[PDB]
Each structure stands twice: as C-alpha cells, then as structure tokens.
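Spelled out from the first residue to the last, the chains are:
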Amino acid sequence: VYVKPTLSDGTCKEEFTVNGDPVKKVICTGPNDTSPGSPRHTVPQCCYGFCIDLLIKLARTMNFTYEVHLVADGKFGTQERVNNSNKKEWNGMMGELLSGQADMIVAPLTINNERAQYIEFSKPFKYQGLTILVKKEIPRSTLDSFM
Amino acid sequence: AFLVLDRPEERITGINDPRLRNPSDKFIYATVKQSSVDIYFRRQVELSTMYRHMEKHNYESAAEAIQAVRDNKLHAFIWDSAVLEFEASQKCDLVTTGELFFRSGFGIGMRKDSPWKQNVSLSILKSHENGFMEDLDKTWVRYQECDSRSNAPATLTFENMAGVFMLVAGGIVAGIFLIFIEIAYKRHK
Amino acid sequence: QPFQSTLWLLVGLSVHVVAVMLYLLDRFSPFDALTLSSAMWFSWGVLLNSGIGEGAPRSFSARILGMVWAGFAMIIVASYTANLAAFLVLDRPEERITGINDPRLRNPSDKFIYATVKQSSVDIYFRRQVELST
Amino acid sequence: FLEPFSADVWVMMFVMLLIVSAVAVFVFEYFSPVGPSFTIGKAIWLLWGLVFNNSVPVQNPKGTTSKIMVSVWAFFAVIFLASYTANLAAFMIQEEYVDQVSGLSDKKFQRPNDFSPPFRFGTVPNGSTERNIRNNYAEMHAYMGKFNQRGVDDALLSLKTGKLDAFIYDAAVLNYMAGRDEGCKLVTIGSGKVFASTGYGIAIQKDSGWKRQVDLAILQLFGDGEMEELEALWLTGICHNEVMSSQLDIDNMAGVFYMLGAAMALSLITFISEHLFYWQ
Amino acid sequence: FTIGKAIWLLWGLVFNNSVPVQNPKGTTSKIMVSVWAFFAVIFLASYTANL
Ligand SMILES: CCCCCCCC/C=C\CCCCCCCC(=O)O[C@@H](COC(=O)CCCCCCCCCCCCCCC)COP(=O)([O-])OCC[N+](C)(C)C
Ligand SMILES: CCCCCCCC/C=C\CCCCCCCC(=O)O[C@@H](COC(=O)CCCCCCCCCCCCCCC)COP(=O)([O-])OCC[N+](C)(C)C
Ligand SMILES: CC(=O)[C@H]1CC[C@H]2[C@@H]3CC=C4C[C@@H](OS(=O)(=O)O)CC[C@]4(C)[C@H]3CC[C@]12C
Ligand SMILES: CC(=O)[C@H]1CC[C@H]2[C@@H]3CC=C4C[C@@H](OS(=O)(=O)O)CC[C@]4(C)[C@H]3CC[C@]12C
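Residues numbered from 1 in each chain as written, not as in the entry; some residues may be left out. Chains lettered and ligands numbered in written order. Part of a larger assembly, values for the part shown. Heavy atoms only, no water. Residues with missing side-chain atoms left out of burial classes, pairs and counts.

J.: I'd like a description of the packing of helix α2 (residues 36-43) of chain B against helix α3 (residues 48-55) of chain B, backed by residues and values.
T.: All names here are of chain B. Where α2 contacts α3, the axes come no closer than 8 Å and their chain directions differ by 140 degrees. The angle between α2 and α3 places the two elements in the oblique class. Within the contact between the two elements, α2 uses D38, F41 and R42 and α3 uses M50, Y51 and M54. In terms of residue class, the contact of α2 with α3 is made up of four nonpolar, no polar and two charged. (Axes fitted to C-alpha atoms, helices over the stretch in contact; angles between N-to-C directions. Helix = DSSP H or I, 4+ residues; strand = E, 2+ residues; numbered from the N terminus. Parallel < 35°, antiparallel > 145°, perpendicular 65-115°, else oblique. Contact = heavy atoms within 4.5 Å. Nonpolar A, V, L, I, M, F, W, Y, C, P; charged D, E, K, R; others polar.)

Below, the structure written as structure tokens:
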C-alpha cells in the first residue's frame, strides 16, 4: 500500500508502469503526515499497490464499491490492557473492524490465533514469514600497509 | 592467509543464533509496536529474554526501522518476509539474512458475520490458480535490479596499497640527496 | 591439474605465435635484430623465467608485444599457484561430527554403517526414543 | 585475473614507471658520473620487466644512485606481485556456483514442438497440479499426457536416467525429495520458485461446527511454534544447508588471451603507423 | 661451462632466479636448462601454494 500526497487539484497523479500499463490508484482519507492528535486533520491521499490492486479485482468480481481510508492509529492491532479504562480492546486496524468503522481489512494482516478468534480471515493471498533485515557488508581490506 | 581470513564475521543469521538469544547492548534488534510479531514473542516461552530487549527498542512503523538500519542505529529488524525481501531487492545497502519462522500468511480480515466471507476466499483461491497474484507479484514485488550478496573477496584498493607507493616516492626524494653525495664523493676522492 | 589439458595447448601455442610475430615485426619495421631462432628463445624464456636468450626486441612494435607477453606470462604463473592454493586449501575430507544431531546421516543408507553392542544401555536408549526410531 | 588490484592501483603504478624512469634517466644518470647509452625506453623496458616477474633481457644503469632507485623499484615489484597472487588466491578460494534453467515462465514448457529438441516433462495425474495445467495451459496439458507418471518415486528416478528433465508436482513434496536425495544431484529451479501458491488443509464436512475449533487449533500450533519443530523433525533436509576446486579452462582464461590478442592488434597498428612516419 | 657453473645456474633457477649465472651455448644444453626452468616454475608454485 503506497500512500502518496494528492495533487493540488485533488486528483490522483497519473503514473505508468514500465510495460506501459497504467497504475490503478484510489483516494485514501488517512490522517496527516505526522499525526492527527495536535494537527487534527485527515488529508486525503492517493493509494496504490499490491493490496489495492487486489482490492480492485475483488470489487469487480463481487460487484461492490468501497471507501479506502488509512488507519487512525497507524498500528495493525493487538490486545492491550489500558488501565485507564480497565478494558481489553484492539488498537488500530483490528480495532476499526470491530468498532464498525471498517467493513474489511485489505492490508498485510497476518492470520493469528488471537485475531482469528474475533474477526475472520480469508485464505492467504500472500504466504510469508518472519525474517531479519541487516545491512549489506561492503568488502574492504583491513590491510594497513605492506608491512 | 590474511586475505582469506579477512572476513567481517559471517552474518547475524536467524533466531537460532545465540547473539539474539541473549540481550546485549551493542546488538540492537527491534520490531514494530503492536503487531503480530509482538504477540508471537510475547506468547513464546523460551523467547522471554528477547522480548524484553525488543520492548525497549520497538519502532512505531516499519518505515522507520528500515531507515534506522540504513543509518546504522539498528542491526536487525524482525518483520514479515514479503516486506523485508522487497527492501533487499530495491536497496543494495540492506541484505536479507535469516530463515523463515512463524509462517502465517496475509488474509483479508472481516467480521464474523461477513456475507462476503465465502466469495472473498474463493476469488483469492481462484486468482492464485489463474496466475493473477503471479502478475501482481511481478509488478509490485519482483523488481530485482540489485544483487543479493557475494563471498566478500575485497579487492586491494589504493589506500590499502599506498604503503609501497609512498616508499617509491621516497626513493626519488631520497635519491635527490644521493646524486649530490655521489658527485661530491667522486670530487672528494 | 590447475589448467585444463587444452589450456596448456593454448599457452604453448601462443608462445609460437608471439615468437613468429616478434620476428616479423622486428624486421619489416623501418626503424642486433631478432632472428626467428632468437625470437623463440625470448618467448620461452619470458614464460619459463629462465635466463636463456640474450636477445630482446629492438623495434617499437615488437617491444610492445614483449611487454604484454611478459605480463601474460606472469598472470599464467600467478593463476597456477592461486588455483593450486585453492585446490590445496579445500581438498579437505569431512568426518562425522555433532553427534547424533547430524542431519547429513540422520537418514540411514548402506554406504555408512552404525553399530552398537547387543543388549546394552545404548540399545535401550535408542529403542525407547521416539525420534530415534529410524 | 582482473579481480584483485582495482584499476586505480594499476594506473597509478604506470605513472610511477614514468616518474621513476624519467628521474633515473634524466636526473640520476645524466648528473652521475659513469654515464651503452641508457635511454628512457631502455628504462621503461627495465622497470616493466621487474614488475612482471623479471624474465626479459634488460640493460641496467651504471650510476650508483640509479641502481639504488632501481633496487627500490625492485622492492615495489616484489610486493606488487606478492599481493597480486595472494589476492588472486583469495578469489579462487571463495567462489560460488550458478544455475541454468529459468523457470516455468520459459517458452520451453509452453511451446515444446516449434522449439529445441522436445523437452520431456510430465506430472502424476488425478491431482490438483493436473487441474491447474489443464485449465490454464491446455496445450501443455496434452503434451504432458505421454510423459505422465504413476508415482513420485517413479518420476524421481527417471530424472537420473535422463528420461525426464522436468517434473511437476507439489512444492512441499518435491522440495522434500530434493532435500533427501543421495548424492545432491536433483536441485530445484529458482531456489524455491512456487507457482499457483496454495496450501494443505483438513477437508471437513460443509457447515460443520468443528471447522472453527480446528482452524484455531491449527493456528495455535503456529503461535507456540509447534510447526517449527514438526518441520525440523519431519521435513528436514540433507542438502538444504548448502566452494569447490574447478580447473581453469579456456572459458575461464579467455580474458588473458583476449589481451594478448589485442596486443597483437596494437602492435600491428603501430607497425603501419611507424611505417607511415618514416615513409613520409 | 663446468660442473660448478652448471650447479650454480640450476640452483638459481629453482630459487626464484636472481643470481648472476653463466648460460651454456649449445642448443641441447639450452633445451635442458629451459626444461629445468619449467620444473623450477612448478616447484616454486607448489611450494607457496602449499605454504
Ligand atoms: C605456468 C608455467 C608456464 C607454462 C608453460 C606452458 C608450456 C606448454 C607447452 C606445451 C604443452 C603441449 C601440450 C601439453 C598438454 C597436452 C594434454 C593433452 O593433449 O591431453 C589430451 C589427453 O590428456 C590426457 O590424457 C592427460 C594429459 C596428457 C599430458 C601429455 C603430456 C605430454 C605433452 C607433450 C610434452 C612436451 C612436448 C614438447 C613441448 C614443446 C587431451 O587432448 P586430446 O589429445 O585431443 O585428447 C583425446 C585423445 N585422442 C586425440 C588420442 C583421442
Ligand atoms: C618423447 C618425449 C619425451 C620427453 C619430453 C620432455 C618434455 C619436453 C622436452 C623437450 C622438448 C624441447 C622442445 C624443442 C624440440 C625441437 C628441437 C628444436 O630444434 O627445437 C628448437 C625450438 O625449440 C625451442 O626453442 C624449445 C625451447 C624450450 C624447450 C621446451 C621447454 C618446455 C618444457 C615443457 C613445458 C610443457 C609441459 C606441459 C605438459 C607436458 C630449438 O630452438 P631454435 O631457436 O630453433 O634453435 C636454433 C639453434 N641455435 C640456438 C643454435 C640458433
Ligand atoms: C601486460 C599488460 O598490459 C597487462 C598485465 C596486467 C593487466 C591488467 C590486469 C588488471 C586490470 C584491471 C582491470 O580493471 S577493470 O575494472 O576494468 O576490470 C582493467 C585492466 C587492468 C588494469 C589490466 C591492464 C593490462 C595489464 C597491465
Ligand atoms: C595494451 C593492451 O593491449 C591492453 C591494455 C589493457 C587491455 C584490456 C584490459 C581489459 C580487457 C577486458 C577483457 O574482458 S573479457 O570479458 O573479454 O575478459 C577483454 C580484453 C581487454 C579489453 C584488454 C585488451 C588489451 C588491453 C587494451
């Protein structure tokens, strides 16, 4: 899911793939660039990518429309204590499904036991797992001198 | 022997490595706050030692953590393979190293009622057999245009080889005084 | 071993091409001179690093070949030892290690044989183990 | 042979020849007594010979300060050659290997008739792989009928005999066979290229209340890592963990022969060019 | 060309030929020295390689 700022007129910037096919984009209505707490504003944006391209295909094959909006929290979702309210609730993407603000989650949500107990998942569209990201080691000799 | 054994370690490698098992200050590893990775490490029994290390270093989003590694303030970001393998293909400063674990894929999540539940999963399965996700894999994930790794046999640059060159330049400078001495010695005797 | 049998032929066949060409470049050049016999001693002596051959190319065009041929002859000799060292470094046989956790021979095959003593503690251990049934 | 000694080193040493030779010829030899004329060309041929495994006939200088400069250079030539073979030895010790085939996207599978000698490949029928091939590539499906096998074991050996060079089946089975193959010969293509990616699964009766509990029970094993040990115990491999001494052939050493061939061209060019000089 | 000059000449060859030596004049003697120079190249190559 690539998020990019909308143009001045409010439309989606038109960019073409290398092969010449056009990039499909949808208008997101996520929060500001930094956070919506102090700058309480949800600027519209342009969204495109693998999940959105898959979402557009789902709509055509199931005959429905959509309103894509980013996550207010910016987090995928976990169960949290939060002693201030003394209640277990989900935060973010997982918390927007159950609260009714979202009918669907078209995003990289992994299928968890904790998540699958409350919400249901489709069959995976991307089989994956957990790895490590480390910096490439640029070769460079430690030979100080010929001696 | 020096050049063959000039290797800068081997790599950080996967969770099985003991460096990640114990929390050390020089080695920093982290994930994104409030994700599936946090639940996995929290629910694990033998990884309670690693979770405490992560809890004091976790990042707000995967965009920052990848950028943090590029700034060398981080050395290991434990995240979904599909995202991390994209950075390795797009950025030649980050190499993906490690073996997969917690192999659970990405699904479209809906509520329990979900009148679209049956039809959504079938269209995901159908697109898998139609090659539709293979097309979307190519246009969004499989870009390459960057090598993965090598055996790191560093070539000898000028800075490594400047010792002899500065010696030869000394021989010319020291030869300036010797030509004066050689003429004088013949004149002297 | 470091060179394929045909690579020896090309190395030994280029000595004659350079030697003949050194002869035809020294003479025919507008400019003692390099005779055909002495041009063969130059090309071989450079390759084999022997002092045989008191003659060297005299023309500008011939000496360029002698300078490259000298560089070619060093790379061939350098790449022999560098390949010999590679062969000598990693012609190391592998012996069984890491105990029974070794996966290379966790699956049985007839090339190697495991054995213990009949009716001992080792027999009870393997018989009473779940993963150690194969 | 081009791998050690980045081109900044080689180019810089050439500069050192011309600086050293010009100083020796025009400063250390003219000014010194005892000075069979030692020219700039005779100096270049001498320093160059020293660097490249001193073997050419050379004409040494006569002054004591030119010999010192030359003997200083000979020390540089010793280190230069020493650190060339040493770094060359490191490259040959640390080397890897590459593959040949590309994958299923090649036209060999799609078009086996109007192409190279017939690529023979086939799959065990009455399964899910046959359905995907039948529905997606009808042309390939008919061509695969003659090569259909009766089991995994039959098809695995036919690759070794040269009967087949491509077998199409499940990834979780095929990659397990190549993981336990004796001798480490059957190697997949793409290092795990998987097409029409799907999964396994317990087929439960439709509209059963056990599916919800079975699904979570499966995801329990993922959560607590029971599937990591099950994969290690049951799906282990011998050659899944992983340098060899290969001779140098013309293919590996054609680079050095191209340079010798080009030197022949450069010498011939200077031959006609120097002819044009004196002729004019 | 004596036996002493020959031993000094061949000893220099196997040991990174660097000493002033007196070469023979006969063609066959040159061929043998050039054959021995080949042995000296392999001998030193396989010494540093094994070292
Ligand atoms: C780095 C330091 C400096 C380098 C210096 C380099 C100097 C290099 C200079 C000259 C070298 C000339 C050729 C030497 C190698 C030939 C190998 C060969 O042909 O093998 C063949 C077999 O191979 C074998 O059976 C194994 C190797 C046999 C070696 C033969 C030794 C005698 C070669 C001569 C001794 C000296 C004679 C006088 C030389 C003036 C392969 O080719 P083939 O024959 O087509 O194979 C099929 C056989 N058939 C045709 C019968 C069906
Ligand atoms: C059955 C054999 C068993 C024994 C074989 C033993 C092996 C080979 C042994 C000996 C063979 C020697 C080759 C020449 C033979 C022809 C004779 C001749 O006239 O030569 C001519 C050309 O020859 C040379 O100039 C050769 C000089 C180098 C000799 C080969 C060294 C490489 C050794 C092996 C490296 C490869 C190894 C690769 C793997 C094996 C003489 O030179 P010229 O300039 O014409 O002389 C003019 C006369 N003048 C000086 C008075 C003016
Ligand atoms: C006698 C000769 O004339 C030879 C002998 C050794 C040769 C050199 C070997 C390695 C290299 C590195 C290579 O760097 S590269 O980045 O372009 O790959 C560029 C070419 C260069 C400088 C050769 C130039 C020609 C030589 C000096
Ligand atoms: C003065 C000369 O005659 C030398 C000086 C530098 C030399 C070049 C150095 C590097 C290479 C790369 C190599 O690439 S390869 O993929 O074919 O191996 C092919 C040969 C080539 C072009 C050399 C040709 C000969 C030279 C021009």
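Here the narrative resumes, following the displayed structure.
J.: Provide a residue-level description of the packing of helix α3 (residues 60-89) of chain C against helix α3 (residues 64-93) of chain D, including the pertinent values.
T.: Between α3(C) and α3(D), whose axes approach to 8 Å, the crossing angle comes to 45 degrees. Accordingly, the angle class assigned to the pair α3(C) and α3(D) is oblique. Taken as a pair, α3(C) and α3(D) cross one another with a handedness that is right-handed. Across the interface between the two elements, C:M74, C:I75, C:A78, C:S79, C:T81, C:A82, C:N83, C:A85, C:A86 and C:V89 of α3(C) pack against D:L81, D:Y84, D:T85, D:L88, D:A89, D:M92 and D:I93 of α3(D). Looking at the contact of α3(C) with α3(D) residue by residue, the class counts come to 13 nonpolar, four polar and no charged. (Left-handed = near helix turned anticlockwise from the far one by under 90°.)

J.: Before we move on, could you go through the sheet that holds strand β3 (residues 45-48) of chain A and cite the residues and values that matter?
T.: Strands pair in a sheet through their backbones, by hydrogen bonds, and they do so in one of two ways: parallel or antiparallel. Residues and elements named next belong to chain A. The strand order β1-β3-β2 describes an open sheet built from three strands, whose pairing is antiparallel. Both outer strands of the open sheet, β1 (2-5) and β2 (26-28), are each paired with one neighbouring strand and no more. The average undirected angle you get between the axes of adjacent strands in this sheet is 40 degrees. Here three bridges tie β2 to β3, and the two strands are oriented antiparallel to one another. Within the sheet, the bridge partner assigned to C28 lies in β3 and is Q45. (Pairing = 2+ DSSP bridges.)

J.: Hey, could you go over the pairing of β3(A) for me, with residue numbers and the actual values?
T.: Residues and elements named next belong to chain A. Residues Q45 and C47 of β3 are buried on one face, and the alternating residues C46 and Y48, pointing to the opposite face, are buried as well. Judged from the four bridges that link them, β1 and β3 form a sheet pairing that is antiparallel. Note on β3: the bridge partner recorded for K4 is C46. (Buried < 20%, exposed > 50% of the residue type's maximum accessible area, 1.4 Å probe, protein only.)

J.: Tell me about the site of ligand 3, and please be specific about residues and values.
T.: Taken together, C:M67, C:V68, C:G71, C:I75, D:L2, D:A7, D:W10, D:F14, D:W48, D:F52 and D:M259 make up all the residues around ligand 3. Around ligand 3, the nearby residues trace back to chains C and D. For ligand 3, whose accessible area on its own is 560 Å², the fraction buried by protein is 65%. If you tally residues by element for the shell around ligand 3, the top one is α3(C), at four residues. A breakdown of the residues in the shell around ligand 3 according to their chemical character gives 10 nonpolar, one polar and no charged. (Near = heavy atom within 4 Å. Areas by Shrake-Rupley, 256 points an atom, 1.4 Å probe, with all protein chains shown as cover.)

J.: A description of the UniProt feature "intramembrane region" in chain E should follow, citing residues and the corresponding values.
T.: Per the UniProt record, "intramembrane region" is found at residues 3-14 of chain E. The span residues 3-14 of chain E is 100% helical and 0% strand by assignment, and the distance between its end C-alpha atoms comes to 17 Å. (UniProt positions renumbered as here; feature names shortened; annotations may be inferred.)

J.: So what's going on with the UniProt feature "disulfide bond" in chain A? Which residues, and what values?
T.: Residue and element names in this part refer to chain A. In this model the annotated disulfide between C12 and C46 is intact, with an S-S distance of 2.0 Å against a 2.5 Å threshold. In this pair, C12 is assigned in the loop between β1 and β2 and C46 in strand β3, connecting sequence segments 34 residues apart. Here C12 and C46 have matching classes, each one buried. Sulfur atoms of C28 and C47, annotated by UniProt as disulfide partners, sit 2.0 Å apart, under the 2.5 Å cut-off for a formed bond. Taken together, the positions of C28 in strand β2 and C47 in strand β3 put the pair 19 residues apart, joining distant regions of the chain. (Disulfide = S-S within 2.5 Å.)

J.: How would you explain the state of the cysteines if you had to name every residue and give the values?
T.: Residue and element names in this part refer to chain A. For the structure on display, the rule yields four disulfides over all chains. Each sulfur in the disulfide pair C28 and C47 lies 2.0 Å from the other. Negative torsions about the S-S bond denote left-handed disulfides, and the value of about -125 degrees found for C28 with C47 makes this one left-handed. Ordinal numbering of bonded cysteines along chain A defines a disulfide pattern of 1-3, 2-4. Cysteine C51 remains unbridged, with the sulfur of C47 as its closest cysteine sulfur at 11 Å. Given the relative accessible area of 4%, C51 is considered buried.

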